[PDB]
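Taken one at a time, structure 1 and structure 2 that follow are two forms of one protein chain, written as structure tokens.
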Structure 1
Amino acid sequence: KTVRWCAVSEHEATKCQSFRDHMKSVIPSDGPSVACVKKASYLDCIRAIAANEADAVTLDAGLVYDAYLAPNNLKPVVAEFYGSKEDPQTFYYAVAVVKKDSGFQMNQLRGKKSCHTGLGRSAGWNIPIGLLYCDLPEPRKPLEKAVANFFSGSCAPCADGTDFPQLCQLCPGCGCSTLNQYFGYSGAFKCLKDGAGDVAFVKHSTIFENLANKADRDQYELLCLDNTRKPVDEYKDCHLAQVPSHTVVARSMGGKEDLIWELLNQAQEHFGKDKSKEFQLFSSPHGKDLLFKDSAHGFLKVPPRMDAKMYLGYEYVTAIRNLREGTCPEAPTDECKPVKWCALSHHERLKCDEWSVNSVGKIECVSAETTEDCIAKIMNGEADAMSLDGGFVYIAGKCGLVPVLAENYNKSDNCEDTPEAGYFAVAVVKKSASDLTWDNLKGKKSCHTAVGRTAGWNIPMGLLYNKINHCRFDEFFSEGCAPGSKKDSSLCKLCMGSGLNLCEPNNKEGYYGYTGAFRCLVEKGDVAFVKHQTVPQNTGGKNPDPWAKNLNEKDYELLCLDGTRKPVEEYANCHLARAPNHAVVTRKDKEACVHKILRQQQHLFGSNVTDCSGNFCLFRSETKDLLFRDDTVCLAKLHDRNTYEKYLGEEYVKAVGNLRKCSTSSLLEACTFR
């Protein structure tokens, strides 16, 4: 079927027609076609797409912000990359290029003439105006007026020149396309080169695209954030910011995303930089950056889990919003808001609400159906914090979140001051059934806390993967229960959840978690991958529930790494590995706040509460480990370990890394995109 590509002005349209013609000549008559829709600005394109008049357009990431808002509701679907195919970069540097010997530094921009790629764009507008606008004198609104009065003349393509004449002074009419000579990276650079402006806000590659001679480039330099200047090839140490790459956008909820990828992937295969055919994707005799940037080297599909907000990233989204609404944030660490806890489905949501009531406004609740969904919400600001198994502390880390406190399990000296080395991942088997002794584990039945968890998955599958050297655990074992697995997998066959709950990584799946995995072993499995205290915790009437009330510790043993099968209590000499304690994670901007609030909360409702029936206890939940593990003694300080690498530690990081291939996690791929 055909993708209607939105071209802005006649030069993009000419390249678009050649694109179309060359694709017809090269792909089967059944594959992807491209058609061309002409519009007068990227914004006309966004609206055309939202209205089903076109399907695709490439946007600078700042402009992706505009496209994602209602009523447009567009989303990134295919991203440009730069650098090379051998080293794909999905980001670039915003720089400020000036002429050598103009004198002024970044903090001396007032009264200079500025050249911008376009209003609302990353390098050309959001980054540099973001750096200046909070020092601008009242009235700050509208932003354009303040910017107009700051510089003594600008070219800001797509600005309203009738309202703000000074913003088009260097480019009358602020034309929002390449028919305006000063439009875009190369137009803004030309604005500086001609001597119209004194500064051009563009990307790190712009000058190299426009001046091939080093001797010519020597007449320019960059403005660094520390109010010094450096040569134009030193952009790595002299840039204003790093920003996400330009990306093709399409309608959310039905925008032909696979057709667009199929078209572009086949396109980069025939007309990419490595194929000097009659048609090139990434250049044109009719101008630069037409349809895609000349600096792009190819396309990468955006991960399905990665929505527009995650594509831009928390920091940049927040900066944009504040820029548009003209607001200058008065520090998150000064206000310190209530903590929005993310509860895993309704079981946790109910406990969290009780907590919310008892915290009298310190704690608020949000819910999601999986740990990944919750982490994504913390990333984007819908929630603030949650406690995570080390396997997801790892993923959260890759997603840019940091650990703030650790659950501790060892009573009780000064628990908050005493960091623990970690609990133990063990392999539990039923005594006298029979020669189940590692090695011949193939074809057996396995129980896991959930896909992606330390003791339940990463540790054993890690060790398992070393042997078999393929990623198909679902056919190493004959079947099992591993919540979070593909619903058709044999590793879902043993799960107990009803209807659509089957194999869900939450408590609606009865086998999810430490206790659930033990129940799986007792009822269905041959081996349960759990923590070392699970068997003691769920035997001898410790678990009052009917399935466990009459179980006892003597009937279970541990699988040793050497084939031995010591009893449960000898975990210290018979474990698969050490597991770093679960930890609370949050965003950097809220870490101090969450830290303080959580310490006072556990002082109110921690493991020093009595009753637990009348009173609310933060670290009890029957047997379900709601919000925190039930054997949590307190939340403890991390000290130097406020980073996922530093916290989890070298051994476990490499052990998880060793399982990078095999990973099924859609959030991991999303967070690992740049």
Structure 2
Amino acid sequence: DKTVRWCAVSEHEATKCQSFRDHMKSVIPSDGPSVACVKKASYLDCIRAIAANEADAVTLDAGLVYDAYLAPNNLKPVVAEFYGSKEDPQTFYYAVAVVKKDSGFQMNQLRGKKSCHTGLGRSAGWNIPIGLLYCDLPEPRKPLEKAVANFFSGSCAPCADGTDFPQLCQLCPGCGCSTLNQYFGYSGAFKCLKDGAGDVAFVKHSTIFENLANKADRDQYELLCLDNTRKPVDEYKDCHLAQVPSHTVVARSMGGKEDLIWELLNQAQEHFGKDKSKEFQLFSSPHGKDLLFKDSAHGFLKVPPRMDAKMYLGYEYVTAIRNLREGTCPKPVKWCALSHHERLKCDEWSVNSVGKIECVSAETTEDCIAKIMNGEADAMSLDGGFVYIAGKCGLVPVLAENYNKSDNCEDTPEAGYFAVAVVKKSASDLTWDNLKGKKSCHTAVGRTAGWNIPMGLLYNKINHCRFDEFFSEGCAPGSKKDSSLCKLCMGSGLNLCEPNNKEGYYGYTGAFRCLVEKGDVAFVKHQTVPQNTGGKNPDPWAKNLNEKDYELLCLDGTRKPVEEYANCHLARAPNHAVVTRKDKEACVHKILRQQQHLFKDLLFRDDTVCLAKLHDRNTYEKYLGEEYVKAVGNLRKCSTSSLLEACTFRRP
């Protein structure tokens, strides 16, 4: 049926909910979504009721969103509250570490400094900083308060016992848990830093802007980043400790009425949301403050379906809380494999390297990026289009694949390969412009030469994203299985249009096979035709093919032989790079360089001569270059990546 049992943790919350149900009943028909309320003693009895299929939804702060994801509860974020303008909705806050300009210490130099905290046991003022600095704290780390007092050289942690931990009140004697304590809360924690009492303030991104209106006054302040560098207070999105969701609606991971919660809460915000009805208000009640939802909310947003608790909260938030709860404190590299073909090869690599490289399988590339992100795997080799996505997901590039013959391959950076449009010499009617209503063969959707470059140049022409309407049919592995762009694929049953080697037309060679057998245009790297023609590929289909029988489509409606690629390419493509978790650069760089010197395109492109070093280019923007990022950006409207949609919901 269509009822959502909402969990109320008090008497006043339970009556606002009876009013919520009754007001909904008055504006939604019998068939539609309905609320029903369930009363519980605490938020933990709520998380428990949902998990035990008694209730369906409850709104929670980040700390509780963590406890609800753990087993045996296994709940997940489904809907979020937003604050401020519809243009820039403020779903998340940024926990920052504010300092004074030129005090000259980094995150790794906090020991011996004077700290200012919002309060003991508060999220950005205590839980996040102390959770991350956990292993920098002296032994014995228990009680935590003793360890914090022996780390800093004087603090102000309001709501802490000054009788037991006097160093924690040195800056605000008494550790007063009210606004009567000048250094209490965000304004006080900032005041503690402003008055020169402390050297660091654990606050939110907003605090400085709420306390200093003058940009010249704020200029005398900086933030501490985790990379052990400082940045201006207005660069908080690029320099923070954690990115934390404000208030989130949670439901069961399996059989939780996710779409029925969304329907009800979207309908609710349209009738009784911010400045809508004189009758009922969703974000206000006479019976109390922050009942069911925060009063400050402007409404709701759907959480992308790919989003899981760990990802939603972020690696930083999860890492800090794990350290606080667990207390657990101190190679080899887990390589992600793309289906059974890559895994077969990865297995030989695992035993031969004798426990230097380990393996994990995933059916898609974005599933693998997601394994890297959380920790299920550590690294994998990606194409340019997937470096953009993987990077936007927080991951970084560590080694670049080099393809040119060089003296010192390892330290000679390359400009990239070339994206080309391959036709048969026989189909002489074909011109770059004469492609409408014809058959295409893509490596996979989201790939540089196969997708992002030709579909970007097509989008700049037809000014629409229906590429399946433009072509008659084709094979672009990764597309919707009911699209015309999956009709020319060769995959067996479910394996049809799959973005792995189970699909016979996936990849550079696969797209070339597509052109020979079914298609009339293939989108690949400049060296695909030579690598398969003239016997070089022993496979039945390729064995007797010669490169003299294939041509290239030039942007000026011209055709040239495959060898004349230099002046008949769609665009230059950034080289495939090995991406990893920021906190793994060093080890991967070390073991891959070590490994590389010791030892289809399985794991790496078969034309890789070696893995080359990166310098100041340790970011996707820096690695791919200003030009490629701009071209991928122009295709955001046409995106189908459920992972990109999720990652940009946190960092647009």
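The first residue in the sequence of structure 1 is number 1, and each one after it adds one. Take the two forms, superpose them, and find the largest set of C-alpha atoms that agree within 1.5 Å; that set is the rigid core.
**Student:** Could you find the option in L167, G391, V243, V530 that lands on the hinge when one rigid part rotates against the other between the two structures?
**Tutor:** The listed residue located at a hinge is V243.
**Student:** With the larger rigid part held fixed, what angle does the smaller part turn through between the two structures, rounded to the nearest degree?
**Tutor:** Rigid-body rotation of the smaller part between the two structures: 52 degrees.
**Student:** Once you lay the two forms on top of each other by their rigid core, how far has the C-alpha of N126 moved between the two structures, in Å?
**Tutor:** Reported C-alpha shift between the two structures: 2.7 Å at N126.
**Student:** If the rigid core is lined up, how many Å does the C-alpha atom of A146 shift between the two structures?
**Tutor:** Taking the core as reference, the C-alpha of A146 is shifted 8.0 Å.
**Student:** Where the rigid core has been superposed, how far does the Cα of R110 end up moving between the two structures, given in Å?
**Tutor:** With the cores aligned, its C-alpha sits 14.1 Å away.
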